[PDB]
Every structure is written in C-alpha cells, then in structure tokens.
Amino acid sequence: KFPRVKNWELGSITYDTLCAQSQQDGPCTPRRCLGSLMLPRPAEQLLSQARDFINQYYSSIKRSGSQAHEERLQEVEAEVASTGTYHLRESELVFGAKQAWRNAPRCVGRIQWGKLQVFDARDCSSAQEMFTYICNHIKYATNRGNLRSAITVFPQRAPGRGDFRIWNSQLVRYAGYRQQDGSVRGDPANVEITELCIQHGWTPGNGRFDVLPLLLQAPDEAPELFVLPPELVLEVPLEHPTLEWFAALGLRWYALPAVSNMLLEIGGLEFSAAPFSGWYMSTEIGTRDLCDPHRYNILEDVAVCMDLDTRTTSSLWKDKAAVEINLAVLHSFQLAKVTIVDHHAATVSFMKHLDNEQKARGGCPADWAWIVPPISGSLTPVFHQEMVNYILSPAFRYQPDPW
Amino acid sequence: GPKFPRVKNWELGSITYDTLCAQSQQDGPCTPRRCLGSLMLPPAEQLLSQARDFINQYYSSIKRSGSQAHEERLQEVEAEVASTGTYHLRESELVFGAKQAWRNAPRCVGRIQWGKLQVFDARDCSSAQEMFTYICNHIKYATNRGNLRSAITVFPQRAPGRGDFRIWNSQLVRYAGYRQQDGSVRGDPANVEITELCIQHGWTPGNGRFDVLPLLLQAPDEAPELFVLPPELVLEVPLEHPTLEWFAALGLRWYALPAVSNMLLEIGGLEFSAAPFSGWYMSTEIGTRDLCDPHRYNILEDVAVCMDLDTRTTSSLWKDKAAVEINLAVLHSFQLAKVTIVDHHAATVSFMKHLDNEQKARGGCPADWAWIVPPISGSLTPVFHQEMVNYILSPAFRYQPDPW
Ligand code: HEM
Ligand code: HEM
Ligand SMILES: Cc1cc(N)nc(CCc2cncc(CCc3cc(C)cc(N)n3)c2)c1
Ligand SMILES: Cc1cc(N)nc(CCc2cncc(CCc3cc(C)cc(N)n3)c2)c1
Ligand SMILES: C[C@H](O)[C@H](O)[C@H]1CNc2nc(N)[nH]c(=O)c2N1
Ligand SMILES: C[C@H](O)[C@H](O)[C@H]1CNc2nc(N)[nH]c(=O)c2N1
Ligand SMILES: [Zn+2]
C-alpha cells in the first residue's frame, strides 16, 4: 500500500509514507514506466493549494492552529476571492523556496537544503533591475570562491500579462558558434542561445570559452541584452596534478552553477524567473560538460595525449581518460580555492540526507537515474539504494523556452 | 503527436514512439502518483486467454495468422485445457517462446543476439540425476572451450498439484561463501546461504576464496539431491593485468559461463520453473560488480593500495582508478585465455543497434534504464543518453521465490 524501499548493500528496509502527500501525477502508469524520460509530455484549485501551503508554513514554525495561522488563511481567502490571486509574505517565500529545493528529486545536493540565501526581487519592474539583482546574486553566491547557495525570486506570473523570464538556461554559460564547415566552436549545447544573443545585437567572440551575455525579459517587452562584468564571473583554469601537458589543452570552467530557466511554484503561485545556484559536483564538469560527445567532446584528445590505444574499445581508453579529466577538475578547483564536491562525497552525504528525511517526513522523492553519477555508478552507495520518485509541492518545474 | 510514449535520444536528437507497450498484458509497480522503476523486485479462463495470445504470436511469427493451421492449433489448445486443465507446447512453439522471453527481457543489454539461442528441450526429464546430465550437457555445449554459445535448457513445466522441477542454485556456476568465526566471509558473501544449504545436504566444503559450488537439484516431490560439477567442465580464467605485473599475484579468477538457474520461464500461461539459460559476460559484471561491490569480493582497497593511491580521501578518485584497472584486467585476461567476453562500450553500442532493429520490427523495445546503463562510465556509453520505456511482455523470464 506504501512502497517498501530497500538498500541492497546493507540489507536495510524503510517504507515511504511521504509519497501519499503527492498531488500531481508523473509520467508512469501500471502498463509502463517512463521514469527515464527527461521531460514530461479556477480560484477553487488555487485556493486549496494556497491553504495547503499556508498550513505547511505554520506547521514548520510549530504555530498550527494559532491566531496568526487563522488570520493568514483568512487573508488568503479574502485576497483570492476579490482578485483571483494572492501574495506571499517574505518569510513564507523563504520557506517555500527551501522546500522546493528539498522536494527536488533530481538533486543529489539536498543535505544542504536548509542553508539557502533567498533574495526577494519581487519589487522588480524592468530588465535593467533584473540585471542588477542578478549581478548581486552572482557576487553573493561566488564569494571569492567560497560558494554559498542562493536563489533570487522575481515577480510572480499574473493572469493575462507576460512573464518575467531569463532567456538563458544558466546564468553563466559558454557561447557555441556554428562554423563554416558545420562544426561548432565552443559549447555545442548553446548554439541556439548564442545565436539569439547576436540577433539581439551582441558582438560575439570566437573562442571556445566565451561567457554568454544575459537576455532578460520584463513582461510583454522584447528581451534586453546585458553583458556580465567579467570580474564577476569566477573561472577555474584546468590542470592536472601529474600530467603536465593537461594545462596546455587550454581548458577552463566557471565556478558558479546557476539555473535560470525553471519555474518556482509555491502555494499555487508561479515564479517564472527565479534563478538559483549552489556549487558544482565535479562529474558535471569533468564527465558531462567536457566528455559528452555532443558537448566539448575532449575524450579522444585527452586519450591521445595520454598516449592510450584509441583503436579499440577494450583498452578502456575512454574510461581512463574520463577519470583523469575528473581528477583534473577536482585538483584545479581545490588549487583555485573554489568550492567543489566529488561524486563519492556528494552521494555519501545524500545517503545521510535520505536518513534524515526518513525520520523527518517518512520518505524522500529521488530520481535514481539523476542521483547516480555518470561515471563509477556502482562505486557510490546511491547505486545500491532503491528510490521512490514523485512530485511534492513547493516545486521547481521545467517550462517552455520563451521564444 | 501519436498517442504513444515519445522516446528521445538526447545525444543524437532523434525521436521514436513506442507502440509495442500497447501489447503489455501485465502491470509493473509504477502509478501516476509514484515511480518505482528502481526497485529490484516487483485456472481455465486465465490460462486459455494467455494460451490463445501466445499461439497468435507464434502463427504471426511464421506469417500464418488466420490460417487453417492457426485456427486448428487454437481449437486443439482449448480442447486440451477443457479436458486436462493444462496444455503442452509443440517443439517449435517452445523454441519460439524461449527466444521471445529473451527478446522481451527489459534488463538484458545483450539482446542483439536474441535470435541466436540454442534451445535444448528437456521436457522428458524425470529425475534429479537426469537434470544433472542435462545441465552438464548444457555447460559443455555453452562453453565450447571458450567460444561461448547462448543456450537454454527447458525442464518439464509446472503441473496441477505435482511438485516443481527446481534448481536451488541461483546460477549454474558460483563461488562458495564461508561464514567465518570473526563474522567475515571467505569467498563470495552473496552465496553464504546456498553454501550453507549445500553443507546441510552433505557437501564437504572447501575453504578457498574461489570454490565452485555443487548443484542442488530438485525433481518433483523429492528433497533436492547434490551434484558436484566435474572440474574440467567449469572453465575459469586466472586474472592478470596487461601492464601491472603484480596484479596476477593477487590470485584472482572468475568463471567463463554466466548461467541463470533460478528464473521461471512463462510461455502462454505455462510455467517452466527450471529453465537455466546462459550467454557470455559483459566485463563490467565481473570487474565492477562481482569484484568491487562492498558486499561482494570488495577488492577496491587492496588494488588501490597496490597501485599506491591515496585511499584516505575521496577526491583522489582512488576508487575510480582501481575499478578501471580491474575492469581492464578482466577484459585482458579473458582475451588472453580466448574466452568470449564483451566490454561495456561494445555491448551498449550493439544494444543501440538492437533498439533500432526492434523499432522497425515491433515498434519499440522494453528496457530497464538503470540495468542497461553499465555500473562504470555510464554516460560514456550511448545508452545513458537514450530514453527507454519499461513494460512486461510475455513470453517472459520472471523471478521466483527460492524453493527453501
Ligand atoms: C549546494 C550545492 C549543490 C549541489 C552539489 C547540487 C548537485 C546537483 C546535481 C549534480 C544535479 C544534477 C545536475 C545535472 O546533471 O544537470 C542537481 C540538480 C538539481 N538541483 Fe542541485 N545541487 C546543489 C544546490 C542546489 C540548489 C541551491 C538548488 C535550488 C535552490 C538545487 C536544485 C536543483 C534542481 C531543481 C535540480 C534539477 C535541475 C533540472 O531538472 O535540470 N540544487 N543538483
Ligand atoms: C549473449 C551474451 C549476453 C550478454 C552479454 C548479456 C548481458 C546481460 C547483462 C550484463 C545483464 C545484467 C546482469 C546483472 O547486472 O546481474 C543481463 C541480464 C539478463 N539477461 Fe542477458 N546477456 C546475454 C545473454 C542472455 C541470454 C542467453 C538470456 C536468456 C535466454 C538472457 C536474459 C537475461 C535476463 C532474463 C536478465 C535479467 C536477469 C535478472 O533480472 O536477474 N541474456 N544480461
Ligand atoms: C532536457 C532537460 C531537462 C531538465 N530537467 N534539465 C536539463 C538540463 C539540466 C542542466 C544542464 N546543465 C546544467 C545544470 C545545472 C545543474 C546544477 C544546479 C545547481 C543549483 C547546482 C549544481 N551543482 N548543478 C542543469 C535538460
Ligand atoms: C534481487 C534480484 C533480482 C533480480 N531480478 N536479479 C538478481 C540477480 C541478478 C544477477 C546477479 N548475478 C549474476 C547474474 C547473471 C546475469 C547474466 C545472465 C546471462 C544469461 C548473461 C550475462 N552476461 N549475465 C544475474 C537479484
Ligand atoms: C535518458 C536519461 O534519462 C538522461 O540521459 C539522463 C540520465 N541521467 C542524468 N543524470 C543527471 N544528473 N543529469 C542528466 O542530465 C541525466 N541525463
Ligand atoms: C537499487 C538499484 O535498482 C539496483 O542497485 C540496480 C541498479 N542497476 C543494476 N543494473 C544491473 N545491470 N544489475 C544490477 O544488479 C543493478 N542493480
Ligand atoms: Zn516508473
């Protein structure tokens, strides 16, 4: 009736009771599981999400049933009944943002969930103001390499007027320039956004590591272009502890992983621009960004520099080079004194988070395929851990690209 | 778009729609409210409709649907059930059904080979001694001195109130695990229980790290009987590393033949409780899981110490570096010994080819993403980037409760 969840390394068992709090359907049915798919394919409804949320908030501060709790529910009813919508109090927004992170099933970093700096940017009325808020977020989160989790929340969606949006999917990414011969210079994942930036009048570089500008959009306005001050964008040159030639590859990556395309939903309210940042787990850079064939795709280059036999899969040249590239990321971040976490440390801390959440809430939604690192899966404890995936609210959700 | 799941490959950008899932007559463990895809575990009217379905599959596969022979086989099946409560497969129906069960297996990455399976028919078997002879024959044929061949042997089906044929071992070839005075295990900790059952049934145990277990074989309504595999039948590979000379000194080894013996083969509602099957290894199975799982041989630290790695800190990636080398030792050693093996790059490339064959042949392919993606270097292989749809099609292999 409630799922049994087993750890196959330790033989331990728990039952997930939290999943019964889910109000929103995922993509699976009893006929077929779609858990590996990356994306999904009135006033009465909003009123009940708002009440549930408010009840969640008062219970978190152990004031369920208090005067303040009753009056806050009344304010919400009154506001929705007159206007079709309502507004959160700053402390509620702060609580809601932390829960959305807590509830995010694809995030291996959730042991940190209670430590989140929340910037209230709901008094934003222009793309220019958005830029200032974003620059302040970056500065704060970066903190000369001693990275601090942060979210900045721009004004909620409103009925029949356009959304505040950040067109970039990350606050910091590298340009991808489609070339004469159909190869790509830079990050092939960012060709389409790079082309939007130029079409909105950016003067592009021609390097492999050109930091993109921001396209910021205030309601029903053309997006506006803003170049990030280069001193705000902390970057780490990549070199290798023992392989002296690695540095000559001229590789580098940015310190700050900052998501800017997801929608933050709290209490039925939607925040279409609400960028958030933490710190990197080294496999995102070392394995995916640098080694994916449709990304920087450097594996063969590295393996050749290591003089490995590239002619056959069975020499395991790919595996060997992937490991050295990940080590080089860790070492370089450590050398530059910029916060990073390796995939062993991160998954061990995630296991601890599972245990905390089990006692706190009776379960924890997790997407096994996202939680298990892209190299050395079974070498980490999360591989051997069964997981239950489901949608709780508050939530981060994916949304359509604004163009 | 089409009212079927849309399946995307994120490396190549290509899209397909799975229409095959519409054929699934059995529910998995997911609902709209929660995904349970990462969990390792989960009479006349019913039988007849399963039987009719399988026979339609058989006649379809030989392109004779609606044919006079098709309707006659249907009538024959219902009459058998009508008068006996059960029915029996023709020989070519069994060959087809066994290959289809393998084809349908969502967790098997080796399915490009599905059409090439030697089906040994052992539905005449009537004793544990005879099961032993059949199993020994299978092992000999399958191993083929290192040039391995996929094979399954099918013992008589489950029958109305009569005991099952069962092999108690989960695999035909496994190593003993001996519970020690100090609570540790010598050999394979996975196999403590089966090791301890073999002893209770009179096996004289060894005390190595790599002692091949005897077989505990159960004919209908008898206690299981014990059979020692003659050692010259069990091909093993000593492990060495191509450049690390000390690796051979560790005395590690593995057996050639991966042979599952505890799974139930279901075909048209008929249940084959003993139907052991075998192929050849993918190298990560041995080098990553068998040798490096913490709860298995657990050799990662020993190998990292030999490699002189910093095992005191996670960020040295000592675990990753040791695992790679062990995996390389597995591949090198099987290649040297001329024993068929496939690495995880070549296996996953071949499974991508299989997905495209099946897209055209049947409109989809049930696959379990967590099982298909290898346990090291996942995203370096093409399957990591491929969305997959998982559902139960029959014929099927299914897990069964241990007989004890
Ligand atoms: C503090 C350090 C953090 C670490 C080490 C971390 C780790 C990760 C990793 C490795 C992923 C998978 C990323 C990928 O493969 O693309 C991820 C996903 C995610 N994390 Fe975190 N995280 C951190 C902080 C945060 C914060 C502050 C938030 C929000 C406040 C957050 C929310 C999310 C969400 C919503 C996803 C999924 C994004 C998507 O579906 O594309 N995480 N996390
Ligand atoms: C020809 C070479 C083959 C290769 C390389 C191969 C590969 C694999 C691998 C790597 C696994 C996962 C095992 C694990 O993680 O423990 C597996 C599972 C499986 N394979 Fe294959 N396979 C082959 C042949 C076969 C054959 C001949 C059959 C049956 C006729 C089969 C049916 C299955 C089934 C039913 C599973 C799931 C086992 C379970 O759930 O415990 N495969 N295969
Ligand atoms: C199709 C699709 C769906 C989906 N939900 N996400 C994506 C891309 C996800 C993605 C890509 N690059 C980068 C990130 C950033 C992930 C990230 C975020 C944070 C806050 C910390 C951290 N260590 N890592 C996320 C694609
Ligand atoms: C709880 C549980 C459930 C389940 N369905 N399977 C298992 C064990 C699966 C398992 C473990 N070791 C070994 C194998 C053999 C897998 C195997 C089988 C064949 C035929 C070829 C090949 N390369 N590999 C299978 C455990
Ligand atoms: C198809 C598959 O779901 C897709 O490649 C997923 C797999 N696991 C992942 N895991 C993480 N953390 N990030 C990813 O982008 C993906 N991609
Ligand atoms: C918890 C999780 O489902 C479990 O550990 C799975 C993950 N993927 C696997 N994949 C394969 N091929 N074999 C396995 O035993 C497992 N174990
Ligand atoms: Zn599912």
# chains A, B, ... in the order shown; residues from 1 in each chain; ligands from 1
$ interface_residues --of "chain A" --to "chain B" --cutoff "8 Å" --atoms "only C-alpha atoms" --output "PyMOL selection string"
chain A and resi 5-6+9-10+19+22-38+41+287-288+291-294+313-316+318-320+322-323+327+330+342+344-345+368-369+374-379+386-391
$ residues_around --residues "residue 340 of chain B" --least-positions-apart "2" --cutoff "7 Å" --atoms "only C-alpha atoms" --output "VMD selection string"
chain B and resid 146 to 148 280 334 338
$ select_by_dssp --residues "segment 228-357 of chain B" --states "strand (DSSP E or B)" --output "PyMOL selection string"
chain B and resi 236-238+253-255+259-260+264-267+270-272+277-278+282+342
$ select_by_dssp --residues "segment 226-268 of chain B" --states "helix (DSSP H, G or I)" --output "JSON, numbers by chain"
{"B": [231, 232, 233, 247, 248, 249, 250]}
$ write_last_selection --atoms "N, CA and C atoms" --output "PDB file, in the first residue's frame"
ATOM      1  N   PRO B 231      35.291 -30.757 -12.420  1.00  0.00           N
ATOM      2  CA  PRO B 231      36.031 -29.503 -12.578  1.00  0.00           C
ATOM      3  C   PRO B 231      36.439 -29.200 -14.022  1.00  0.00           C
ATOM      4  N   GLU B 232      36.649 -30.231 -14.839  1.00  0.00           N
ATOM      5  CA  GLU B 232      37.089 -29.962 -16.205  1.00  0.00           C
ATOM      6  C   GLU B 232      35.963 -29.376 -17.073  1.00  0.00           C
ATOM      7  N   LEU B 233      34.725 -29.447 -16.583  1.00  0.00           N
ATOM      8  CA  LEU B 233      33.579 -28.807 -17.246  1.00  0.00           C
ATOM      9  C   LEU B 233      33.445 -27.298 -16.958  1.00  0.00           C
ATOM     10  N   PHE B 247      49.493  -7.705 -10.492  1.00  0.00           N
ATOM     11  CA  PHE B 247      48.052  -7.986 -10.402  1.00  0.00           C
ATOM     12  C   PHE B 247      47.797  -9.488 -10.389  1.00  0.00           C
ATOM     13  N   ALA B 248      48.532 -10.239 -11.224  1.00  0.00           N
ATOM     14  CA  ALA B 248      48.449 -11.712 -11.228  1.00  0.00           C
ATOM     15  C   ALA B 248      48.758 -12.320  -9.857  1.00  0.00           C
ATOM     16  N   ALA B 249      49.649 -11.690  -9.095  1.00  0.00           N
ATOM     17  CA  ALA B 249      49.992 -12.182  -7.753  1.00  0.00           C
ATOM     18  C   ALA B 249      48.839 -12.167  -6.731  1.00  0.00           C
ATOM     19  N   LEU B 250      47.771 -11.451  -7.030  1.00  0.00           N
ATOM     20  CA  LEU B 250      46.595 -11.386  -6.169  1.00  0.00           C
ATOM     21  C   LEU B 250      45.767 -12.672  -6.211  1.00  0.00           C
TER      22      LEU B 250
END
$ residues_near_ligand --ligand "ligand 4" --cutoff "7 Å" --atoms "only C-alpha atoms and all ligand atoms" --output "number ranges by chain"
B: 40-41, 258-260, 277-282, 399
$ residues_around --residues "residue 61 of chain B" --least-positions-apart "4" --cutoff "12 Å" --atoms "only C-alpha atoms" --output "list in words"
residues 54, 55, 56, 57, 65, 70, 92, 93, 95, 96, 97, 99, 100, 361 and 362 of chain B
$ residues_near_ligand --ligand "ligand 3" --cutoff "6 Å" --atoms "only C-alpha atoms and all ligand atoms" --output "number ranges by chain"
A: 38-39, 257-259, 276-281, 398
$ write_last_selection --atoms "C-alpha atoms" --output "mmCIF file, in the first residue's frame"
data_model
loop_
_atom_site.group_PDB
_atom_site.id
_atom_site.type_symbol
_atom_site.label_atom_id
_atom_site.label_comp_id
_atom_site.auth_asym_id
_atom_site.auth_seq_id
_atom_site.Cartn_x
_atom_site.Cartn_y
_atom_site.Cartn_z
ATOM 1 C CA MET A 38 13.936 13.821 -19.187
ATOM 2 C CA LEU A 39 10.833 15.983 -19.684
ATOM 3 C CA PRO A 257 26.339 26.605 -11.490
ATOM 4 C CA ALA A 258 23.233 28.742 -11.650
ATOM 5 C CA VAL A 259 19.917 27.519 -13.083
ATOM 6 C CA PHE A 276 19.237 29.560 -8.199
ATOM 7 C CA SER A 277 22.793 28.443 -7.602
ATOM 8 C CA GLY A 278 24.889 26.128 -5.416
ATOM 9 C CA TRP A 279 28.296 24.649 -6.114
ATOM 10 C CA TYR A 280 29.458 22.012 -8.582
ATOM 11 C CA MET A 281 29.788 18.318 -8.192
ATOM 12 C CA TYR A 398 10.590 22.816 -16.185
#
$ residues_near_ligand --ligand "ligand 1" --cutoff "9 Å" --atoms "only C-alpha atoms and all ligand atoms" --output "ChimeraX atom specification"
/A:38-39,97-113,115-118,147-151,257-259,261-262,264,275-284,288,340-343,346,370-371,373-374,395-398
$ residues_around --residues "segment 158-165 of chain B" --least-positions-apart "6" --cutoff "7 Å" --atoms "only C-alpha atoms" --output "NGL selection string"
:B and (218-221 or 271-274)
$ atom_distance --atom1 "atom CA of residue 82 of chain A" --atom2 "atom CA of residue 162 of chain A"
21.5 Å
$ atom_distance --atom1 "atom CA of residue 102 of chain B" --atom2 "atom CA of residue 353 of chain B"
16.5 Å
$ closest_residue --among "B:178, B:17, B:87, B:168" --to "residue 225 of chain B" --atoms "only C-alpha atoms"
B:168
$ closest_atom_pairs --of "chain A" --to "ligand 6" --cutoff "7 Å" --atoms "only C-alpha atoms and all ligand atoms" --output "Markdown table"
| residue | atom | partner | partner_atom_place_in_ligand_line | distance |
| --- | --- | --- | --- | --- |
| A:7 | CA | ligand 6 | 1 (C) | 6.8 |
| A:8 | CA | ligand 6 | 5 (O) | 6.4 |
| A:383 | CA | ligand 6 | 5 (O) | 5.0 |
| A:384 | CA | ligand 6 | 5 (O) | 3.6 |
| A:385 | CA | ligand 6 | 1 (C) | 4.3 |
| A:386 | CA | ligand 6 | 1 (C) | 3.9 |
